[PDB]
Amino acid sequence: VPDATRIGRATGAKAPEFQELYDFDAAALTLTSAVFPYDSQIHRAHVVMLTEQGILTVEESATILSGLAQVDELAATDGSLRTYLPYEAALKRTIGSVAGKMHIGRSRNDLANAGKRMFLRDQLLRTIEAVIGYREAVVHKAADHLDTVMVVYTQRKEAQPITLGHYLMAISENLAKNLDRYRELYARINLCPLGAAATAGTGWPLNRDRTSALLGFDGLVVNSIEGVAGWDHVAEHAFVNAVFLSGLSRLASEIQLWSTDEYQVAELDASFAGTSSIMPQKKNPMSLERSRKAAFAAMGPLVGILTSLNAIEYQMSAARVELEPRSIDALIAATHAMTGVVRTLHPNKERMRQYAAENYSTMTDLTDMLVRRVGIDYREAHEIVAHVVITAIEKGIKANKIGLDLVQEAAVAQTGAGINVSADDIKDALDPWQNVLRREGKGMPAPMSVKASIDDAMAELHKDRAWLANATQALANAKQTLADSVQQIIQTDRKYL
């Protein structure tokens, strides 16, 4: 069956990244279902630690660990077994009363905090990977557009000439700082609260560092109250998502304006646009609007979480609001969609240049030229050039057709006196490519300057990927160590005890 939305101007298939925006809502797991596999890993790590500590015998440990595998299989289709007390009761029905010993020295409170952290930790690495991919698309696109002259806007009005590459490198710098925010957050998420038990620790001689290591954490949440009451990392995860997405909304909005029927300086790839069921002319920026929708929605978890923390004491509380899978899934869909939008965007280079040459964004360079050539102060030069623009608009003279006569008349009308500049001084000031070339300092649009920023960003992206690879491998190594330990116990009991 064909995709019934791909009619008229919506040619071909949706890009996969565009389709993600339509799929995440129905596919999202509940928080309980998303965290359950991590809870199951925690049971194994806790039991292994209790065995190292002599609290459980190897025989008891093996019986429990084999039972966990059986109950996990039951829970794959029976969602009622995905919360703790139901799961423990199924374990007791499966292996007998020794099941209850897996809770020695532990609570649902530290289990819940730890499992949520493991879920958020994996989702944070998923998010960092997606943000790196977005930054890669932005920087790699910029590298092909060092000569793509176009105007930059302030207050939704044409400001001065830049290049598309220069614009994209603003987004790259935004993303670099968001990657810092997320890595900083990761260090706070990746702390283990297990051993806090209910909120006060336990008299059982746990080794909190072992459980933490077996589960891939990089350190402990030390104080036992902080271990169960601490929630600021959840609020912070919601915040970084919201602020990151606000910059994604701003880029989506920018592109939506560029691709209006009236600006027509860029066009979305067909695979990132839809159409209308009634209006056959529509090429609709549905990828952009649904990406913005995700940005706006991300405000919601942030406010709910912070409201809940403002409403309680510094205690474990079941009233705290969570960061849920569907919210993260929306962020990933929007990030992937905007990655593809940027990669595949079609700039209209001729129209971009036309606006830059014709619509008066070159007037700052004309003003700076007067100051530099005749030494007047900036305020008087500005008033002369504003008069040039006013007269040029009234007479229908595009910026690139402004000449010596119009400039002299404005100087006379505004000052009573002419001004000692040549026709060539004016022509060169009004050339939009010369406007770009003259802006050659750090962070400015001249190609040599933008290329310097690209070179720096490519080195930063290498470091971004290395950080992610290291963090991912640390978790994979820990998960394998735990799996090996579980099999050692089960098999040694089966064959030798």
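Sequential numbering from 1, following the sequence displayed.
235-243 and 141-149 differ in mean CA B-factor, and the higher of the two is recorded for 141-149. For the pair 19-27 and 483-491, the record assigns the higher mean C-alpha temperature factor to 483-491. You'll see in the entry that, of 311, 222, 112, 316, the Cα B factor peaks at 112. Per the deposited record, 404 carries the highest C-alpha B-factor of all listed residues (228, 257, 352, 404).
Per the PDB record, residue ranking by Cα B-factor puts residue 186 in the lowest third of the chain. Among the modelled residues of its chain, residue 180 has a C-alpha B-factor that falls in the lowest third, as given in the PDB entry. For residue 77, the recorded CA B-factor ranks within the highest third of the chain. Only modelled residues enter the ranking. Placement of the Cα temperature factor of residue 380 within the chain: highest third of the modelled residues, per the deposited record. In this PDB entry, the Cα temperature factor of residue 108 sits in the middle third of its chain's modelled residues.
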